[PDB]
């Protein structure tokens, strides 16, 4: 199932639209009793969507795999993982913080479902991660306490920067269905995809845009280096003020 629990958490919350108009609290359940003893359930039968919690991420995965785009009284089904409600980004992490540590530190704010540290295709800490709370109230606190205060995790004072999680969708995307529903759209369609030939407006334009784009890049990278350099110096600055005062008392 899932050893050492993390049962019936928001990561086991699935969503389902395109419910036919004749649906009960009970028929829903009957649809997902294959995958065991359900948790919190919600339906707005009016608007033909519903939510369900399963015991485990795995069950939720299988359910989803099994019940997506399958019929129920004419209607094909929309199974999706539900977007977590109590989720923060964290940044400025010591390369030496672990998923475990980050979870540990954050529990001081209320029960945690999960906490992860985002890693590169080389598995190196990217310096960001996610913290996922059970409830929202805990996430409120976290985000407040940490904006108001200075939360540190390791010896070297790296202050945690905590933001609300921005949630992107890269699975559904922008389907044609929804696209067409726009005026500018049909105009934008009229001229197909293409490489633009030297000689045309399109050309001299985009070559120039490209340049502006390249510039912006350098500009941005330049800023990052400045402020990088600033940040390293500030180390070498404060030292004097304080560290030296601890070599005077000693």
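Residue numbers count along the first chain shown, from 1.
Visitor: Out of 54 to 62 and 177 to 185, which stretch has the higher average CA B-factor listed in the record?
Guide: Mean B over CA atoms: larger for 177 to 185.
Visitor: Going by the average Cα B-factor in the PDB entry, point out whether 222 to 230 or 18 to 26 comes out higher.
Guide: Between 18 to 26 and 222 to 230, it is 18 to 26 that shows the higher mean C-alpha B-factor.
Visitor: Can you tell me which of 128, 141, 84, 114 has the highest Cα temperature factor in the record?
Guide: Top of the list by C-alpha B-factor: 141.
Visitor: Splitting the chain's C-alpha B-factors into thirds, which one does residue 163 fall into?
Guide: According to the entry, residue 163 has a C-alpha B-factor in the chain's middle third.
Visitor: Per the entry's values, where does residue 145 land by CA temperature factor relative to the rest of its chain, in the lowest, middle or highest third?
Guide: Its C-alpha B-factor belongs to the middle third of this chain's values.
Visitor: Lowest, middle or highest third: where is residue 217 by C-alpha B factor in its chain?
Guide: It belongs to the middle third of the chain when residues are ordered by C-alpha B-factor.
Visitor: Which third, lowest, middle or highest, does the CA B-factor of residue 77 fall in along this chain?
Guide: Residue 77: CA B-factor falls in the highest third of its chain.
Visitor: Where does residue 121 sit by CA temperature factor within its chain: lowest, middle or highest third?
Guide: Residue 121: CA B-factor falls in the highest third of its chain.
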